[PDB]
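Next up: a single chain in structure tokens, the form deposited in one PDB entry.
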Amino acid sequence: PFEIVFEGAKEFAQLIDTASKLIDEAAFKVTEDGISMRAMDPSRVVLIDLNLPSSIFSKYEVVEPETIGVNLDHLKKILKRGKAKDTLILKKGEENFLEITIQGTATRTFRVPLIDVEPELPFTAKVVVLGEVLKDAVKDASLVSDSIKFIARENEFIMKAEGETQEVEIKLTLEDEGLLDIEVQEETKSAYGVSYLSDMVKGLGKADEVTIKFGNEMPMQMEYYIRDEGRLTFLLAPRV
């Protein structure tokens, strides 16, 4: 059982919408320290890891911890009309139901039946970029290919792609307001699938500060924060 309240329904819905792009349903583990969710996409190419600590909620009480199955698509629809300033309440008693309340101009509560749902990497590069850069870079690349190569060096982050004819190169340095930070341990190179990145960055926000870590022909870790303490992390297998 538990009653959890997050202030900013719209923002919570977007977090959930970002996750629904890769996965359809997931198990949310509610403990006293926060909510966490972890799942792999159908094709086993992308892992999504979400962590929302209690400090991000205006109210957080968990009498007895528990895991609940959730269909992201169904949750998505329910949260669709939550507004930017609406209050969101997630409450569960002993029964197998989830009570979702969206409180703003009125108090709207949904009762939805719950359904059960059943290795540190040595990244040699890290960059922090404005979500707009990834969103634009992925669409640019899609115009010429289904593959995009990530290249990182000191003060230089490069994403490039090339198809049967045209090619595109998106480059950033610290002078660019698109690159917020760069820490490279050595020239790092790896390639990834444009479609997967497209789904990963779709829900991404234009001004969100995204962190990216990867290694040579190694998967890429992509994360961005929620109310500073929250975190949504993507782990994407490479196109070696």
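Residue positions are given as counts along the sequence shown, with the first one as 1. Note that the rigid core is defined as the largest set of C-alphas that superpose within 1.5 Å between two forms.
FYI, the form deposited in another entry isn't displayed, but the following is about it.
Superposing the two forms on their core leaves just one of 49, 209, 41, 33 with a Cα displacement of at least 2 Å between this form and the one not shown, namely 209. Once the rigid core is used as the reference frame, the Cα position of residue 154 differs between this form and the one not shown by 2 Å or more.
After superposing the rigid core, the Cα of residue 67 is displaced by less than 2 Å between this form and the one not shown. Once you line up the core between this form and the one not shown, the Cα of residue 132 ends up 2 Å or more from where it was.
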